[PDB]
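Supplied in structure tokens, the structure appears directly below.
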Ligand SMILES: *[C@@H]1O[C@H](CO)[C@@H](O[C@@H]2O[C@H](CO)[C@@H](O)[C@H](O)[C@H]2NC(C)=O)[C@H](O)[C@H]1NC(C)=O
Ligand SMILES: *[C@@H]1O[C@H](CO)[C@@H](O[C@@H]2O[C@H](CO)[C@@H](O)[C@H](O)[C@H]2NC(C)=O)[C@H](O)[C@H]1NC(C)=O
Ligand SMILES: *[C@@H]1O[C@H](CO)[C@@H](O[C@@H]2O[C@H](CO)[C@@H](O)[C@H](O)[C@H]2NC(C)=O)[C@H](O)[C@H]1NC(C)=O
Ligand SMILES: *[C@@H]1O[C@H](CO)[C@@H](O)[C@H](O)[C@H]1NC(C)=O
Ligand SMILES: *[C@@H]1O[C@H](CO)[C@@H](O)[C@H](O)[C@H]1NC(C)=O
Ligand SMILES: *[C@@H]1O[C@H](CO)[C@@H](O)[C@H](O)[C@H]1NC(C)=O
Ligand SMILES: *[C@@H]1O[C@H](CO)[C@@H](O)[C@H](O)[C@H]1NC(C)=O
Ligand SMILES: *[C@@H]1O[C@H](CO)[C@@H](O)[C@H](O)[C@H]1NC(C)=O
Ligand SMILES: *[C@@H]1O[C@H](CO)[C@@H](O)[C@H](O)[C@H]1NC(C)=O
Ligand SMILES: [Ca+2]
Ligand SMILES: [Ca+2]
Ligand SMILES: [Ca+2]
Ligand SMILES: [Cl-]
Ligand SMILES: [Cl-]
Ligand SMILES: [Cl-]
Ligand SMILES: [Cl-]
Ligand SMILES: [Cl-]
Ligand SMILES: [Cl-]
Ligand SMILES: [K+]
Ligand SMILES: [K+]
Ligand code: NA
Ligand code: NA
Ligand code: NA
């Protein structure tokens, strides 16, 4: 029976057996007033406090969200769907601590991705028990609001100010500051890590004055706020809020009246209308996401990045070799997870329409030109691979690299990785390669479980990643020092060294995607 | 009558005459609850407090320990045996202060060696009266628990958490922080110094967060925690604790029950069984020593060293020219302190078995290969000298040099010495050369006593060492500035300058044991 | 009527007219209990406090001291004799402030010289009214005890611990810290300046931990503690105290009894015996001066200087072109202030005996050799000039330069001057050149007074010195920025730039007395 006294009252955890040892799991601790009724669309409000013992022995409700129904029965898509009841009552967090209770352990705080429209902390591939067991760190993860319920913005209006889910994340960091010592944690040694939209969140906490003292350092897996899906302009955000009102029958003259009406809608009516607030979407559409609110974010984030206005600390940043491929089967013509998807030039052309719907003809021809100068054989997979690379380079890899250059130009140490191992168990087909999201199970140490059908080479690779992430969190330096590992150099503009993560041999390389990123970073923005 | 008010009450010292002046000695001040009964195997508990005057006019009990009985009646071994009653009631410390009472004197705190299985602060060669007299520093030394009573580990279990004797040392540093100003000491100018296991302790205080604010700088004489005898793995430590239980009839199912039973054993039964907790020992075996406990030591120390996680301050590190020779007469075949020990190739081979019992045949042939390429004469002492060098280089000199490179790579000033003077009075034979432990009497200034049969050259050498150690403690720079001495350069990786200490001429040299340490440091660990 | 409330009570000043403006002078403010009766030979004790108004309208008693009677009626010697009653009741200080009262003025604190055997703050050439008038700084000066009454040492015995007059100076700095804001001063911007023994005092405050927070920066005019007259060894100090006891009939067995007896002697009996505590003196003898007391001075000062243990701040240091000449007429044979003093080789030889009484024959021949290799003419003044240079280089110039190299090697800015202007009014004869002590009237701005028979060129030179000293005190940089002056470079070891101060043209030169100082600094000490 393990009971911890928190600031707001007692909580009871549960003991788990993990690799011949024990971890204590406190699952579903609340960290804010449930955001219901008059609190829908508002900043999270602080927790009242309880007497008696709160039982943190099961995962809580996931936040309301639309679900992926493109591949019913298929584990490759379905593993990302929520595995707890959906509810507006979802502001809870999880804590995994080593047993015996540690004395002053580093804390790793996970922020899930999902486009800021989806996601939940309770997914199997984010289970923190393995990290707590093996590295003796404490792992924390939180649910935060997503979609319109988390990001609806009528900027400047506190009834719906925008960025509510980012404030949810913030309030959970504050909970760790006030409470984690009771669990044997060091509030002075907190590292945020997150993937995709979770990585873009981590990058925005580096920018938010109110987050600066709530953590020590940051890890960004395939995401950063300068990615083109990551931040909505004030103009598109007001437009979206108003389109949502049109569709739900809540157009009014007074803006506060609009929100009042929106608070009477059932969550379903709101979720059903989210896809249509926009005239054309792509598979990467973020209809309701971070905005410049004058509160969480004081100015356009590209300006803060460029002018050095962010927390000074070390970062670890990385991407997967085939980021863009998972998205091609959610609308590009000629793609299928169930065949080899050899597409024509005409199909490639139509795919650019799917992925770059607002872009001029010239803009799209410039993409085709940069990506279809073949080298040179008449390989049939040319157009299929080019489309995946287009989508991965624009959306993930070039923004990650550019975030990393700009951040390290102000004097701090940065480490960059390129993940290139395809899981032996991936249910998606082979042409999709080393997909977006499929490093996460390596970072959380799932292949450390022998029962679990990963190869030996994969266990060893995961074990080494876990040690490098942990050494980064504790010490600021992602080395694996005992096993003659390749030493991981800092990423500097100029040399731009990065480390490859793979099962065969780990390499130091330079200037990842140099020709492609010159295209996306210096030319495409002008288009 | 000299009485000092401490935090826990009054203590009375005694006045000594030393070189026509006076020193006040407070011998046997307690600094913790005696660790008896239910306190055996636990962290030291803080002192209650007394009324009336505590008389600190004699050395206290030394901690329980096995004694060296290899050479009964021989001063060379017997001078290292305890010279006060053994008792579990042994947590006391000594203070020597100049007379008249100084105003804000630097403090030197001595930590004795003995393998973490033996040792005591009351030995003649650790008498602090000469340093206090001549350099006007205050000298403090403490008894700390050794053997299973000090280092038994069932890691994570507070009944026997491990590292108890290191916590004893810590609690004595805390006593100096709270109390030394009353004696005319500056708690802000404390230097730790220690030899062998005492030097490895000093190096672990550089690593322990709880020790960081309890001292200013560090001196390491023939020892550092990366020496292969200095730290026990969790795995060997649990195994040893359980083997100890088997032998004492204390195997139980509940671990806390094991410890409860262990607390009913007479100390002798525990001491008698210590040698056998291990399947084969060597003369350097440390059966019960420092472990990674999650408390004193938060992670494997080689990781902390490599990643720069330790107190930033100057260090003084050194070794003796023939470290390994003293050990050859505690089991290598063909050695004797009573003859010249000319050994054959076959004897050298068997000696490697004595010193490298768990090592593969290949591992041992690789030692023979590196050390027996003769230059080149057919000198009969070849194999005898090679064995001493093998044992000194692996166990002391290469680990000291590697500690020193890694520590100074993070920006702090380091000074390295090579002691090469054989005492005119050494009772051990000539082939043993400049032995392990025989600088200590020079550091404590014993040859400053003319009555004492050291040569003039030795008095002068000791006087100069004492001044360099004192200048290091007070000022961070071990120079002797008045007598046209050789200026002592800082040790940097790259140049690796060190200073030789000898009676003839003091030299600046580079890259001590460069070829040997490449062997022990980069190859041998792989074996 | 100008009345200032101090910590110890009200004081009344007087108004002076100075160059068509007003200065307020508070002369004779007490700063310690008078050191009489049982307080003779002890550290100064803090002031009780008074009611009613203390009248600070006249200079106080000067401390007991022997007087210079070598040239009765001669202004050149007599201007340095005390011009107020002598009394053991002499711990007072003076304050000159601009009118109107300034708001946060820099403070300059003057410490007079006189061999630590003589001197007083009330001399005409130390009048601070001109500096306060013209630079709007506040000037403070104090009387401090001299001779045995100020420096008698039985080291470690608080009845006569040594350095009492240095503690007098310290207690006056503390008075300025606690009280100067009431006078419109900035306790955060205090510069010490002093000449000869006063300059050596300033250099020892840079070394004393208890003085570190009592001032900001330092100016050293012809003096520093590494000069060979500036510090007495423990051995000579005990010997002197005991010789004093022999002569006064106070030899006892108990040392505290010796001091008790010494406290019954009339001050005259003590002063009369001071010259004889030593077997042979020279004209630069300092019979009772600073010692290493373990209190003011924690270790030998040459060690602290060399190892960088002193306050980190800017210094201004300088010397006069003919330091040594004033001393030749107090005992060297063949010298007279009343003729041209052309001396023979034999007279030069005897003069070395006067100035280097304890030195071997070899030591003295080595001086003759270094200084009498003529260039080359058979000029009759050769030996006369050589003796002056011997005495100035050994006693003042080489020690000042060496202090300045060592101090600036630890990173702080240093400025060095060479004063080479002979006052138009000097009453001493022409062969004595630019004498020791005759910059002081330039620093205090006496030639700014037109009524006063200095030339125009001298007024301008003084005005420029005053501005450079003031800019140094206020800003750390002794520039005169408005009148196209020669920019004063920092003194670095390596280049060793210094500035010449003269009436014609001000020059930047390098490596003052390079060949002579190599002799005194690297060879002579071995002799
Ligand atoms: C792989 O499967 C895809 C997905 O269906 C096939 O794409 C279809 O091809 C037809 C022609 O029969 C188009 O008119 C359809 O509209 C496509 N369907 C969709 C739903 O996009 C593709 O042709 C197959 N490719 C292979 C076998 O190489
Ligand atoms: C020096 O003394 C040693 C120590 O005894 C001798 O070693 C023994 O040599 C014998 C042969 O007589 C071996 O079988 C023994 O087992 C050795 N004894 C032990 C106890 O180790 C050595 O031979 C002598 N060496 C000399 C005189 O050069
Ligand atoms: C200048 O005056 C000095 C000082 O008196 C003269 O020195 C004396 O010379 C005589 C020879 O008549 C020595 O025996 C004396 O002992 C010296 N007297 C003292 C008191 O030192 C010196 O000769 C004169 N030099 C000149 C005129 O060039
Ligand atoms: C944990 O470590 C920090 C520094 O990182 C320290 O200030 C803090 O007080 C520690 N707390 C413990 C050991 O409880
Ligand atoms: C280091 O290597 C060993 C195998 O030689 C393995 O058991 C262990 O998991 C490795 N540790 C890390 C952190 O990679
Ligand atoms: C001793 O020295 C320190 C600085 O090293 C100072 O802060 C402290 O207060 C001093 N104490 C004394 C002189 O009592
Ligand atoms: C310096 O040298 C002298 C002998 O010339 C000697 O008496 C003294 O002990 C030496 N001091 C040190 C610190 O070595
Ligand atoms: C004088 O200047 C200092 C800084 O040099 C400042 O901190 C202080 O308060 C000032 N006092 C005044 C203007 O009274
Ligand atoms: C600057 O020069 C003028 C004459 O041109 C003079 O009156 C003044 O005293 C000078 N100031 C200083 C500080 O030297
Ligand atoms: Ca999977
Ligand atoms: Ca010895
Ligand atoms: Ca004059
Ligand atoms: Cl085309
Ligand atoms: Cl390159
Ligand atoms: Cl062989
Ligand atoms: Cl070299
Ligand atoms: Cl001659
Ligand atoms: Cl030059
Ligand atoms: K090898
Ligand atoms: K010479
Ligand atoms: Na489903
Ligand atoms: Na014995
Ligand atoms: Na006179």
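Here, residue 1 is simply the first one shown, and the rest follow in order.
The way this entry was determined, per its header, is X-ray crystallography, 2.4 Å.
Cβ atoms here come from the backbone N, Cα and C positions, even for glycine.
Just lifted these from Swiss-Prot, have a look:
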type	residues	note
CARBOHYD	B:55	N-linked glycosylation site
BINDING	B:80, B:436	tacrine binding site
CARBOHYD	B:104	N-linked glycosylation site
BINDING	B:114, B:115	substrate binding site
MOD_RES	B:196	phosphoserine
ACT_SITE	B:196	active site, acyl-ester intermediate
CARBOHYD	B:239	N-linked glycosylation site
CARBOHYD	B:254	N-linked glycosylation site
ACT_SITE	B:323	active site, charge relay system
CARBOHYD	B:339	N-linked glycosylation site
ACT_SITE	B:436	active site, charge relay system
CARBOHYD	B:483	N-linked glycosylation site
May I ask you to report the DSSP-based helix, strand or coil state of residue B:239 (N-linked glycosylation site)?
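It is helical.
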Taking the Cβ of residue B:436 (tacrine binding site) as centre, how many other Cβ atoms lie within 10 Å?
26
Enter the number of other CB atoms within 10 angstroms of the CB of residue B:55 (N-linked glycosylation site).
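The answer is 15 other Cβ atoms.
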Given the recorded positions B:196, B:239, B:254, B:339, B:483, and counting only Cβ atoms in the protein chains shown, which has the most within 10 Å of its Cβ?
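It comes out as B:196.
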Using Cβ-Cβ distances, find the residues under 8 Å from residue B:104 (N-linked glycosylation site) that belong to the same chain and are at least 6 apart in sequence, listing them in sequence order.
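Within the chain, residue B:104 (N-linked glycosylation site) has Cβ neighbours under 8 Å at B:184, B:185, B:186, B:189.
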In terms of DSSP three-state secondary structure, what is the assignment for residue B:114 (substrate binding site)?
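Assignment for residue B:114 (substrate binding site) reads coil.
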Distance check, please: Cα of residue B:254 (N-linked glycosylation site) against Cα of residue B:339 (N-linked glycosylation site), rounded to an integer number of angstrom.
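One finds 53 Å between the Cα atoms of these residues.
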On a simple 10 Å Cβ count over all chains shown, which one of the recorded positions B:80, B:114, B:115, B:323 is most densely packed?
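For the recorded positions B:80, B:114, B:115, B:323, the Cβ with the most other Cβ atoms within 10 Å is B:323.
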For residue B:323 (active site, charge relay system), identify the closest of the recorded positions B:55, B:196, B:239, B:436, judging by Cα separation.
B:436
Which ones, of the recorded positions B:55, B:196, B:436, B:483, have a Cα no more than 10 Å from the Cα of residue B:115 (substrate binding site)?
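Within 10 Å Cα-Cα: B:196.
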Could you check what DSSP calls residue B:80 (tacrine binding site) once collapsed to helix, strand or coil?
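Coil, per DSSP.
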Determine, using Cα-Cα distances only, which of these recorded positions is closest to residue B:436 (tacrine binding site): B:196, B:239, B:339.
B:196
Reported as an integer number of Å, what is the Cα distance between the residue listed as 'phosphoserine' and residue B:114 (substrate binding site)?
7
Given the recorded positions B:55, B:114, B:239, B:339, B:483, which one's Cα is the least distant from that of residue B:80 (tacrine binding site)?
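When the Cα distances are compared, B:114 comes out closest.
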